[PDB]
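Enquirer: My questions will all concern the structure given below.
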There are 2 protein chains.
Amino acid sequence: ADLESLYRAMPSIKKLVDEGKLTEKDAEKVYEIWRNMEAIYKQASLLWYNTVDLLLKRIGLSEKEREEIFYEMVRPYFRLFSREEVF
Amino acid sequence: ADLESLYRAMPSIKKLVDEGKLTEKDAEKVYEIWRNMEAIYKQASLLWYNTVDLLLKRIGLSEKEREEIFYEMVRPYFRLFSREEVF
């Protein structure tokens, strides 16, 4: 049910496999990374809830207002950083 | 030059300080979190470049085609995870 979940989430990978360009073994690797990515990005929310969220709650901001500030903080980060930026 | 950079990037935080709701020390904490948050999104890009990007390179995909696949993989993660998801 792994690859099934993957192909649904990522039609591009399903296509590559159907096209014979990626093997099923390859697709299993991609699945692992897909799941791994969730764990990394979840860090951002965990950090948020234990730092700035608490500060904003303390000064009375509503849920919606606090969420808006989060997106203001991280929206520019919603991208694939270039190799030069990370390497 | 810290707080000035933060204020340019986060008008909402500048406003809260100007309104007297957030102290300057408060803003100093926000700066650090703002900076730290970037590393999380970089870590995800690093995993990409070291795994799936290599696979797709081998099979001949272009830089644009590979980038499209990255966004297909991670777009659902570009959000604030709920407290129930993380805790």
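Letters for chains follow the order of the structure tokens (A, B, ...), residue numbers begin at 1 for each chain, and ligand numbers begin at 1 in the order shown.
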Once chain B has been least-squares superposed onto chain A, matching all their Cα atoms in order, can you return it as an mmCIF file with N, CA, C and O atoms, in the first residue's frame?
Expert:
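Everything below was put into out_18.cif:
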```cif
data_model
loop_
_atom_site.group_PDB
_atom_site.id
_atom_site.type_symbol
_atom_site.label_atom_id
_atom_site.label_comp_id
_atom_site.auth_asym_id
_atom_site.auth_seq_id
_atom_site.Cartn_x
_atom_site.Cartn_y
_atom_site.Cartn_z
ATOM 1 N N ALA B 1 0.864 -1.145 0.871
ATOM 2 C CA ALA B 1 0.083 0.007 0.430
ATOM 3 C C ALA B 1 0.970 1.229 0.201
ATOM 4 O O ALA B 1 0.483 2.312 -0.128
ATOM 5 N N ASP B 2 2.274 1.047 0.373
ATOM 6 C CA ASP B 2 3.221 2.141 0.219
ATOM 7 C C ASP B 2 3.149 2.781 -1.163
ATOM 8 O O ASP B 2 2.707 3.920 -1.297
ATOM 9 N N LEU B 3 3.581 2.047 -2.185
ATOM 10 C CA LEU B 3 3.693 2.610 -3.527
ATOM 11 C C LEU B 3 2.378 3.198 -4.026
ATOM 12 O O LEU B 3 2.371 4.179 -4.766
ATOM 13 N N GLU B 4 1.263 2.605 -3.619
ATOM 14 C CA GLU B 4 -0.029 3.121 -4.039
ATOM 15 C C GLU B 4 -0.280 4.506 -3.448
ATOM 16 O O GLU B 4 -0.830 5.380 -4.115
ATOM 17 N N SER B 5 0.119 4.700 -2.195
ATOM 18 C CA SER B 5 -0.027 6.001 -1.551
ATOM 19 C C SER B 5 0.860 7.020 -2.253
ATOM 20 O O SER B 5 0.427 8.131 -2.555
ATOM 21 N N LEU B 6 2.099 6.624 -2.519
ATOM 22 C CA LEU B 6 3.053 7.487 -3.207
ATOM 23 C C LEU B 6 2.524 7.926 -4.571
ATOM 24 O O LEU B 6 2.589 9.105 -4.922
ATOM 25 N N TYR B 7 1.997 6.975 -5.337
ATOM 26 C CA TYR B 7 1.502 7.267 -6.680
ATOM 27 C C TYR B 7 0.328 8.239 -6.669
ATOM 28 O O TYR B 7 0.210 9.088 -7.553
ATOM 29 N N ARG B 8 -0.550 8.112 -5.677
ATOM 30 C CA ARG B 8 -1.665 9.044 -5.553
ATOM 31 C C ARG B 8 -1.167 10.450 -5.238
ATOM 32 O O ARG B 8 -1.690 11.438 -5.762
ATOM 33 N N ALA B 9 -0.150 10.535 -4.386
ATOM 34 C CA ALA B 9 0.397 11.824 -3.978
ATOM 35 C C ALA B 9 1.308 12.423 -5.046
ATOM 36 O O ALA B 9 1.410 13.642 -5.164
ATOM 37 N N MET B 10 1.961 11.565 -5.827
ATOM 38 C CA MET B 10 2.923 12.028 -6.819
ATOM 39 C C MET B 10 2.681 11.398 -8.192
ATOM 40 O O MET B 10 3.342 10.424 -8.562
ATOM 41 N N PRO B 11 1.725 11.958 -8.952
ATOM 42 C CA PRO B 11 1.404 11.481 -10.301
ATOM 43 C C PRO B 11 2.621 11.476 -11.222
ATOM 44 O O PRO B 11 2.694 10.645 -12.124
ATOM 45 N N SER B 12 3.560 12.392 -10.996
ATOM 46 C CA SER B 12 4.755 12.480 -11.833
ATOM 47 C C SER B 12 5.625 11.242 -11.696
ATOM 48 O O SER B 12 6.236 10.793 -12.664
ATOM 49 N N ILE B 13 5.688 10.703 -10.482
ATOM 50 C CA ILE B 13 6.487 9.516 -10.209
ATOM 51 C C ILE B 13 5.815 8.263 -10.768
ATOM 52 O O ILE B 13 6.475 7.394 -11.346
ATOM 53 N N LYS B 14 4.501 8.178 -10.590
ATOM 54 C CA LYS B 14 3.712 7.110 -11.192
ATOM 55 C C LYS B 14 3.967 7.038 -12.696
ATOM 56 O O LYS B 14 4.210 5.961 -13.249
ATOM 57 N N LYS B 15 3.912 8.193 -13.352
ATOM 58 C CA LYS B 15 4.128 8.267 -14.791
ATOM 59 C C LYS B 15 5.519 7.756 -15.179
ATOM 60 O O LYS B 15 5.656 6.957 -16.102
ATOM 61 N N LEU B 16 6.547 8.209 -14.467
ATOM 62 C CA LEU B 16 7.912 7.780 -14.756
ATOM 63 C C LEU B 16 8.071 6.262 -14.651
ATOM 64 O O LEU B 16 8.745 5.647 -15.473
ATOM 65 N N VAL B 17 7.452 5.657 -13.642
ATOM 66 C CA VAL B 17 7.486 4.202 -13.509
ATOM 67 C C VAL B 17 6.731 3.531 -14.661
ATOM 68 O O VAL B 17 7.234 2.593 -15.282
ATOM 69 N N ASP B 18 5.529 4.025 -14.948
ATOM 70 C CA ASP B 18 4.708 3.478 -16.031
ATOM 71 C C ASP B 18 5.400 3.591 -17.387
ATOM 72 O O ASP B 18 5.185 2.759 -18.267
ATOM 73 N N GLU B 19 6.216 4.633 -17.547
ATOM 74 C CA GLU B 19 6.941 4.877 -18.788
ATOM 75 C C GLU B 19 8.167 3.982 -18.881
ATOM 76 O O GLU B 19 8.816 3.906 -19.924
ATOM 77 N N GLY B 20 8.488 3.315 -17.778
ATOM 78 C CA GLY B 20 9.635 2.429 -17.728
ATOM 79 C C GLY B 20 10.952 3.112 -17.395
ATOM 80 O O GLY B 20 12.002 2.484 -17.477
ATOM 81 N N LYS B 21 10.905 4.386 -17.014
ATOM 82 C CA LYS B 21 12.128 5.141 -16.715
ATOM 83 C C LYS B 21 12.594 4.970 -15.269
ATOM 84 O O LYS B 21 13.789 5.039 -14.976
ATOM 85 N N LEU B 22 11.645 4.766 -14.364
ATOM 86 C CA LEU B 22 11.980 4.504 -12.971
ATOM 87 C C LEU B 22 11.562 3.094 -12.595
ATOM 88 O O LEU B 22 10.442 2.675 -12.883
ATOM 89 N N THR B 23 12.464 2.360 -11.956
ATOM 90 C CA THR B 23 12.154 1.007 -11.520
ATOM 91 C C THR B 23 11.308 1.053 -10.256
ATOM 92 O O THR B 23 11.224 2.088 -9.586
ATOM 93 N N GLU B 24 10.687 -0.073 -9.929
ATOM 94 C CA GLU B 24 9.863 -0.163 -8.735
ATOM 95 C C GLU B 24 10.701 0.041 -7.475
ATOM 96 O O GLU B 24 10.259 0.694 -6.532
ATOM 97 N N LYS B 25 11.913 -0.510 -7.460
ATOM 98 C CA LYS B 25 12.826 -0.280 -6.345
ATOM 99 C C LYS B 25 13.162 1.201 -6.247
ATOM 100 O O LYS B 25 13.270 1.750 -5.152
ATOM 101 N N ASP B 26 13.335 1.842 -7.400
ATOM 102 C CA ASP B 26 13.521 3.287 -7.447
ATOM 103 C C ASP B 26 12.371 3.981 -6.727
ATOM 104 O O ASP B 26 12.590 4.854 -5.889
ATOM 105 N N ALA B 27 11.144 3.592 -7.066
ATOM 106 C CA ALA B 27 9.954 4.193 -6.473
ATOM 107 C C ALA B 27 9.897 3.956 -4.965
ATOM 108 O O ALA B 27 9.378 4.791 -4.218
ATOM 109 N N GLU B 28 10.430 2.818 -4.528
ATOM 110 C CA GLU B 28 10.477 2.475 -3.107
ATOM 111 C C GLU B 28 11.362 3.450 -2.339
ATOM 112 O O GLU B 28 11.052 3.825 -1.207
ATOM 113 N N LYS B 29 12.467 3.846 -2.960
ATOM 114 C CA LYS B 29 13.362 4.844 -2.387
ATOM 115 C C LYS B 29 12.656 6.190 -2.284
ATOM 116 O O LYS B 29 12.741 6.870 -1.263
ATOM 117 N N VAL B 30 11.959 6.568 -3.353
ATOM 118 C CA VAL B 30 11.221 7.828 -3.399
ATOM 119 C C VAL B 30 10.166 7.886 -2.298
ATOM 120 O O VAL B 30 9.975 8.923 -1.665
ATOM 121 N N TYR B 31 9.480 6.769 -2.072
ATOM 122 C CA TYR B 31 8.507 6.683 -0.990
ATOM 123 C C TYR B 31 9.131 7.091 0.341
ATOM 124 O O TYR B 31 8.589 7.921 1.066
ATOM 125 N N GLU B 32 10.271 6.493 0.659
ATOM 126 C CA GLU B 32 10.926 6.741 1.939
ATOM 127 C C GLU B 32 11.304 8.205 2.117
ATOM 128 O O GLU B 32 11.132 8.771 3.193
ATOM 129 N N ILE B 33 11.815 8.810 1.049
ATOM 130 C CA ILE B 33 12.168 10.222 1.057
ATOM 131 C C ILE B 33 10.923 11.103 1.198
ATOM 132 O O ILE B 33 10.931 12.084 1.943
ATOM 133 N N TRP B 34 9.862 10.747 0.474
ATOM 134 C CA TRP B 34 8.571 11.432 0.569
ATOM 135 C C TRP B 34 8.081 11.467 2.010
ATOM 136 O O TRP B 34 7.658 12.512 2.509
ATOM 137 N N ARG B 35 8.146 10.318 2.677
ATOM 138 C CA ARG B 35 7.749 10.220 4.078
ATOM 139 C C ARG B 35 8.684 11.015 4.986
ATOM 140 O O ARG B 35 8.232 11.741 5.869
ATOM 141 N N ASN B 36 9.989 10.874 4.769
ATOM 142 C CA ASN B 36 10.975 11.557 5.601
ATOM 143 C C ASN B 36 10.861 13.077 5.515
ATOM 144 O O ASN B 36 11.062 13.789 6.504
ATOM 145 N N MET B 37 10.534 13.566 4.324
ATOM 146 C CA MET B 37 10.406 14.997 4.079
ATOM 147 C C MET B 37 9.340 15.633 4.974
ATOM 148 O O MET B 37 9.479 16.784 5.403
ATOM 149 N N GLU B 38 8.273 14.890 5.247
ATOM 150 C CA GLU B 38 7.196 15.416 6.080
ATOM 151 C C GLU B 38 7.714 15.818 7.460
ATOM 152 O O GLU B 38 7.318 16.850 8.005
ATOM 153 N N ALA B 39 8.609 15.007 8.016
ATOM 154 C CA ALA B 39 9.140 15.263 9.352
ATOM 155 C C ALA B 39 9.865 16.608 9.439
ATOM 156 O O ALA B 39 9.853 17.262 10.478
ATOM 157 N N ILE B 40 10.487 17.027 8.343
ATOM 158 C CA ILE B 40 11.190 18.302 8.332
ATOM 159 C C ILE B 40 10.208 19.458 8.516
ATOM 160 O O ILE B 40 10.439 20.367 9.313
ATOM 161 N N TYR B 41 9.098 19.413 7.793
ATOM 162 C CA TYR B 41 8.106 20.474 7.895
ATOM 163 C C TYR B 41 7.358 20.434 9.230
ATOM 164 O O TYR B 41 6.926 21.471 9.741
ATOM 165 N N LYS B 42 7.237 19.239 9.803
ATOM 166 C CA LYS B 42 6.689 19.090 11.151
ATOM 167 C C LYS B 42 7.606 19.724 12.193
ATOM 168 O O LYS B 42 7.136 20.373 13.123
ATOM 169 N N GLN B 43 8.913 19.520 12.037
ATOM 170 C CA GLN B 43 9.901 20.062 12.977
ATOM 171 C C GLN B 43 9.807 21.579 13.080
ATOM 172 O O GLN B 43 9.947 22.155 14.161
ATOM 173 N N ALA B 44 9.570 22.218 11.941
ATOM 174 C CA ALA B 44 9.373 23.658 11.892
ATOM 175 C C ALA B 44 8.107 24.066 12.642
ATOM 176 O O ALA B 44 8.113 25.039 13.393
ATOM 177 N N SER B 45 7.018 23.329 12.436
ATOM 178 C CA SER B 45 5.779 23.617 13.149
ATOM 179 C C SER B 45 5.989 23.465 14.652
ATOM 180 O O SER B 45 5.480 24.259 15.439
ATOM 181 N N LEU B 46 6.733 22.432 15.045
ATOM 182 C CA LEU B 46 7.037 22.201 16.455
ATOM 183 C C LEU B 46 7.806 23.366 17.093
ATOM 184 O O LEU B 46 7.501 23.776 18.215
ATOM 185 N N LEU B 47 8.805 23.890 16.387
ATOM 186 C CA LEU B 47 9.546 25.044 16.884
ATOM 187 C C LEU B 47 8.602 26.226 17.078
ATOM 188 O O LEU B 47 8.650 26.899 18.104
ATOM 189 N N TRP B 48 7.741 26.471 16.094
ATOM 190 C CA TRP B 48 6.753 27.544 16.204
ATOM 191 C C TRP B 48 5.926 27.412 17.483
ATOM 192 O O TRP B 48 5.878 28.335 18.292
ATOM 193 N N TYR B 49 5.285 26.263 17.660
ATOM 194 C CA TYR B 49 4.402 26.046 18.809
ATOM 195 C C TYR B 49 5.118 26.201 20.150
ATOM 196 O O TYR B 49 4.499 26.555 21.154
ATOM 197 N N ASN B 50 6.418 25.930 20.168
ATOM 198 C CA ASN B 50 7.189 25.982 21.409
ATOM 199 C C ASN B 50 7.909 27.299 21.668
ATOM 200 O O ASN B 50 8.601 27.440 22.675
ATOM 201 N N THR B 51 7.765 28.257 20.762
ATOM 202 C CA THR B 51 8.459 29.528 20.919
ATOM 203 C C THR B 51 7.546 30.713 20.626
ATOM 204 O O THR B 51 6.827 31.179 21.507
ATOM 205 N N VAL B 52 7.570 31.192 19.389
ATOM 206 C CA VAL B 52 6.816 32.391 19.038
ATOM 207 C C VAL B 52 5.311 32.253 19.273
ATOM 208 O O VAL B 52 4.652 33.226 19.639
ATOM 209 N N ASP B 53 4.759 31.058 19.075
ATOM 210 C CA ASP B 53 3.325 30.883 19.294
ATOM 211 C C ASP B 53 2.962 31.164 20.751
ATOM 212 O O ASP B 53 1.889 31.688 21.038
ATOM 213 N N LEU B 54 3.858 30.813 21.667
ATOM 214 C CA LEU B 54 3.596 31.021 23.087
ATOM 215 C C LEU B 54 3.616 32.510 23.398
ATOM 216 O O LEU B 54 2.741 33.026 24.094
ATOM 217 N N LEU B 55 4.624 33.193 22.874
ATOM 218 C CA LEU B 55 4.738 34.637 23.022
ATOM 219 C C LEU B 55 3.469 35.355 22.553
ATOM 220 O O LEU B 55 2.914 36.181 23.274
ATOM 221 N N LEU B 56 3.008 35.029 21.350
ATOM 222 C CA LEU B 56 1.834 35.689 20.785
ATOM 223 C C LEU B 56 0.560 35.327 21.544
ATOM 224 O O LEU B 56 -0.371 36.126 21.627
ATOM 225 N N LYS B 57 0.526 34.120 22.099
ATOM 226 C CA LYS B 57 -0.602 33.690 22.914
ATOM 227 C C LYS B 57 -0.730 34.599 24.121
ATOM 228 O O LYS B 57 -1.823 35.054 24.459
ATOM 229 N N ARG B 58 0.400 34.852 24.773
ATOM 230 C CA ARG B 58 0.433 35.637 26.000
ATOM 231 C C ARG B 58 -0.120 37.040 25.802
ATOM 232 O O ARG B 58 -0.734 37.603 26.702
ATOM 233 N N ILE B 59 0.101 37.602 24.620
ATOM 234 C CA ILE B 59 -0.334 38.968 24.351
ATOM 235 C C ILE B 59 -1.732 39.035 23.738
ATOM 236 O O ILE B 59 -2.204 40.108 23.369
ATOM 237 N N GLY B 60 -2.385 37.883 23.623
ATOM 238 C CA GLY B 60 -3.801 37.839 23.311
ATOM 239 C C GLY B 60 -4.209 37.593 21.871
ATOM 240 O O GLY B 60 -5.396 37.638 21.557
ATOM 241 N N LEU B 61 -3.247 37.328 20.994
ATOM 242 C CA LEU B 61 -3.573 37.093 19.590
ATOM 243 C C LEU B 61 -4.439 35.856 19.409
ATOM 244 O O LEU B 61 -4.317 34.888 20.157
ATOM 245 N N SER B 62 -5.325 35.895 18.420
ATOM 246 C CA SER B 62 -6.180 34.756 18.132
ATOM 247 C C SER B 62 -5.409 33.709 17.338
ATOM 248 O O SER B 62 -4.350 33.992 16.781
ATOM 249 N N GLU B 63 -5.951 32.499 17.287
ATOM 250 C CA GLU B 63 -5.356 31.420 16.514
ATOM 251 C C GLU B 63 -5.146 31.816 15.054
ATOM 252 O O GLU B 63 -4.141 31.456 14.444
ATOM 253 N N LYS B 64 -6.093 32.559 14.495
ATOM 254 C CA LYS B 64 -5.991 32.983 13.103
ATOM 255 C C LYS B 64 -4.908 34.038 12.929
ATOM 256 O O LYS B 64 -4.154 34.011 11.961
ATOM 257 N N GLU B 65 -4.840 34.965 13.877
ATOM 258 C CA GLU B 65 -3.844 36.029 13.851
ATOM 259 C C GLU B 65 -2.432 35.469 14.010
ATOM 260 O O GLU B 65 -1.496 35.928 13.361
ATOM 261 N N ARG B 66 -2.278 34.473 14.873
ATOM 262 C CA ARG B 66 -0.968 33.865 15.081
ATOM 263 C C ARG B 66 -0.528 33.082 13.855
ATOM 264 O O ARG B 66 0.644 33.109 13.487
ATOM 265 N N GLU B 67 -1.474 32.388 13.230
ATOM 266 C CA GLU B 67 -1.195 31.613 12.028
ATOM 267 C C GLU B 67 -0.740 32.516 10.886
ATOM 268 O O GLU B 67 0.138 32.148 10.109
ATOM 269 N N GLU B 68 -1.344 33.696 10.785
ATOM 270 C CA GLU B 68 -0.957 34.664 9.768
ATOM 271 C C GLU B 68 0.497 35.080 9.952
ATOM 272 O O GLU B 68 1.240 35.238 8.984
ATOM 273 N N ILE B 69 0.899 35.258 11.203
ATOM 274 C CA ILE B 69 2.271 35.632 11.503
ATOM 275 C C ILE B 69 3.252 34.505 11.158
ATOM 276 O O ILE B 69 4.328 34.759 10.614
ATOM 277 N N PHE B 70 2.870 33.264 11.451
ATOM 278 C CA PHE B 70 3.671 32.108 11.043
ATOM 279 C C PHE B 70 3.949 32.127 9.544
ATOM 280 O O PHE B 70 5.092 31.985 9.115
ATOM 281 N N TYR B 71 2.905 32.309 8.743
ATOM 282 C CA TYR B 71 3.081 32.278 7.294
ATOM 283 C C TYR B 71 3.908 33.465 6.804
ATOM 284 O O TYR B 71 4.683 33.345 5.859
ATOM 285 N N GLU B 72 3.759 34.606 7.464
ATOM 286 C CA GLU B 72 4.591 35.759 7.146
ATOM 287 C C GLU B 72 6.055 35.418 7.393
ATOM 288 O O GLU B 72 6.933 35.834 6.638
ATOM 289 N N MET B 73 6.310 34.648 8.447
ATOM 290 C CA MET B 73 7.676 34.274 8.806
ATOM 291 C C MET B 73 8.299 33.269 7.838
ATOM 292 O O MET B 73 9.474 33.393 7.485
ATOM 293 N N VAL B 74 7.521 32.278 7.408
ATOM 294 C CA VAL B 74 8.114 31.123 6.729
ATOM 295 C C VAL B 74 7.821 30.987 5.233
ATOM 296 O O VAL B 74 8.450 30.177 4.559
ATOM 297 N N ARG B 75 6.879 31.763 4.709
ATOM 298 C CA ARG B 75 6.552 31.663 3.287
ATOM 299 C C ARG B 75 7.786 31.705 2.367
ATOM 300 O O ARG B 75 7.887 30.918 1.427
ATOM 301 N N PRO B 76 8.724 32.629 2.627
ATOM 302 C CA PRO B 76 9.923 32.683 1.780
ATOM 303 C C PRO B 76 10.741 31.391 1.810
ATOM 304 O O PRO B 76 11.556 31.170 0.916
ATOM 305 N N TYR B 77 10.520 30.554 2.820
ATOM 306 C CA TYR B 77 11.266 29.305 2.971
ATOM 307 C C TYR B 77 10.611 28.128 2.248
ATOM 308 O O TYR B 77 11.214 27.062 2.123
ATOM 309 N N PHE B 78 9.373 28.318 1.802
ATOM 310 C CA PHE B 78 8.622 27.264 1.121
ATOM 311 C C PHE B 78 9.066 27.164 -0.335
ATOM 312 O O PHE B 78 8.317 27.510 -1.249
ATOM 313 N N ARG B 79 10.292 26.701 -0.543
ATOM 314 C CA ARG B 79 10.866 26.630 -1.877
ATOM 315 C C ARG B 79 12.030 25.657 -1.884
ATOM 316 O O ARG B 79 12.466 25.191 -0.833
ATOM 317 N N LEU B 80 12.533 25.343 -3.073
ATOM 318 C CA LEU B 80 13.762 24.577 -3.182
ATOM 319 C C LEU B 80 14.930 25.553 -3.108
ATOM 320 O O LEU B 80 15.086 26.394 -3.992
ATOM 321 N N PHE B 81 15.727 25.466 -2.043
ATOM 322 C CA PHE B 81 16.932 26.284 -1.928
ATOM 323 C C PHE B 81 17.902 25.859 -3.024
ATOM 324 O O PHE B 81 18.010 24.676 -3.327
ATOM 325 N N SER B 82 18.600 26.818 -3.624
ATOM 326 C CA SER B 82 19.555 26.499 -4.678
ATOM 327 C C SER B 82 20.736 25.719 -4.111
ATOM 328 O O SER B 82 21.003 25.766 -2.910
ATOM 329 N N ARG B 83 21.438 24.997 -4.979
ATOM 330 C CA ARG B 83 22.620 24.250 -4.562
ATOM 331 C C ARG B 83 23.645 25.191 -3.945
ATOM 332 O O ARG B 83 24.370 24.813 -3.028
ATOM 333 N N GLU B 84 23.697 26.421 -4.443
ATOM 334 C CA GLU B 84 24.668 27.388 -3.947
ATOM 335 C C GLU B 84 24.312 27.879 -2.545
ATOM 336 O O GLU B 84 25.189 28.279 -1.778
ATOM 337 N N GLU B 85 23.023 27.843 -2.213
ATOM 338 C CA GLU B 85 22.566 28.239 -0.885
ATOM 339 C C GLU B 85 22.884 27.177 0.160
ATOM 340 O O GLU B 85 23.234 27.495 1.296
ATOM 341 N N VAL B 86 22.762 25.913 -0.230
ATOM 342 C CA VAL B 86 22.945 24.811 0.708
ATOM 343 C C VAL B 86 24.375 24.270 0.703
ATOM 344 O O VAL B 86 24.845 23.716 1.701
ATOM 345 N N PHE B 87 25.064 24.435 -0.420
ATOM 346 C CA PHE B 87 26.433 23.946 -0.558
ATOM 347 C C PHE B 87 27.396 25.081 -0.887
ATOM 348 O O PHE B 87 27.685 25.324 -2.058
#
```
Enquirer: Could you pull out the alpha helix (DSSP H) residues of chain A from DSSP and send them as a ChimeraX atom specification?
Expert: /A:2-9,11-18,24-49,52-58,63-74,83-86
